[PDB]
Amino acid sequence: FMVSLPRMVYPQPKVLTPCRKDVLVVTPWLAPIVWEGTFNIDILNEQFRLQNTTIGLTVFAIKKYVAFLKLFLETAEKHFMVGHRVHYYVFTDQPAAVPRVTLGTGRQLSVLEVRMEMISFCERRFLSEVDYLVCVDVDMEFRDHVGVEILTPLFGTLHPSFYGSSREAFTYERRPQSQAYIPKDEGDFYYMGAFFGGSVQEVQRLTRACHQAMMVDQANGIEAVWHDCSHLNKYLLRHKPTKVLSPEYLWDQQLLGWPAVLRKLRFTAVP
C-alpha cells in the first residue's frame, strides 16, 4: 500500500515536448533509460521515502583493491542515495584495511570477510535488511548524484565503450559451447558488470543464474571471454531489465572524455 503524495509545485510536463531528443529514453520493452533531464528527482524521492526504502550497496575489495575503499565510500556519502537508508556491504580478505569512513545518519557499513556466488551465503541477510541491492566495482568514485531514479526490479548499465556500437561489435561471448553464447544477430545493449542491481529477489535470481551458467561452462572446460560480464549480458538479454542506466552512471573520463550527450558524469573510473 502506497500513501498519497503531498502537494508539490513543479513545471508541467509537456506532451508535445520531449525531455531529451538526442538519445533513446525508453527501450522497446518499455523500460526507461535513465538520463539527466528525464526525471524529477523530487517526485521520485517522495515516492521512495514514503516506502522507507533501504538500499544495499555491495563492493568487493580483495588484495590491493582495498586501497580504493576510502575514496569510494567518502564519495558515496556525498552522492549515493543521500536522504535514504543505505547499508554498505564490503566483502574483503582484509577486514583491518577497511578505512573508518564517517557516515551520515541512517547509513551503515558491514564488513564481510571472504562475486556471483557470494551475493546469491548472504541471501537471507539481504532479504531481511534491504529492499534493493546495488552491485558495483570498488575502483570507482561518485562525482554526481546517483539516487532513487535507478531503483526498479532489475537494472543494468550501458557499457561506456559500446553505447554507440552495432551489436555485432559487442564483445559478447561468441562460442556456441558457452552458456553465455549470444549470436551475432541478437542483443539489445552491451551492459557492463560494474554496476547492476534491482530488488533483492531479482538480484539473487540473476546471481544464482549466472553462477549456475559459470559452473556449467567450467564443467565443459570453457571460460567466457569477459567472465562475469558475458554471463550478465546473456541473462539481461533473456530477462529484460526494467530500467537501463545511461553511461552517466558508469564512465571513464580519462579514456572517453566528456561528450555533449553526457550532461552529468556520476560514477567514474579511478585512474
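A residue's number is simply how far along the shown sequence it sits, counting from 1.
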What lies unmodelled of the deposited sequence between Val114 and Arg115 amounts to 10 or more
Per the entry, how many deposited residues between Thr75 and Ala76 lack coordinates? The answer is none
For 172-180 versus 67-75, entry-based mean Cα B-factors point to 172-180
Averaging the C-alpha temperature factors as deposited, the higher value of 182-190 versus 149-157 falls on 182-190
From the entry's CA B-factor values, the highest among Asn45, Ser246, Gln51, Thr27 is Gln51
Reading the B-factor column for Cα atoms of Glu123, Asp137, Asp131, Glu141, the highest value belongs to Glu123
The third of the chain into which the C-alpha temperature factor of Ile55 falls is the lowest
Temperature factor at the Cα of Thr105, chain-ranked in thirds, falls in the middle
For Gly257, the third of its chain by CA B-factor is the lowest
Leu206: C-alpha B-factor third of its chain, per the entry, is the middle
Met81: CA temperature factor from the record, placed by chain third, in the lowest
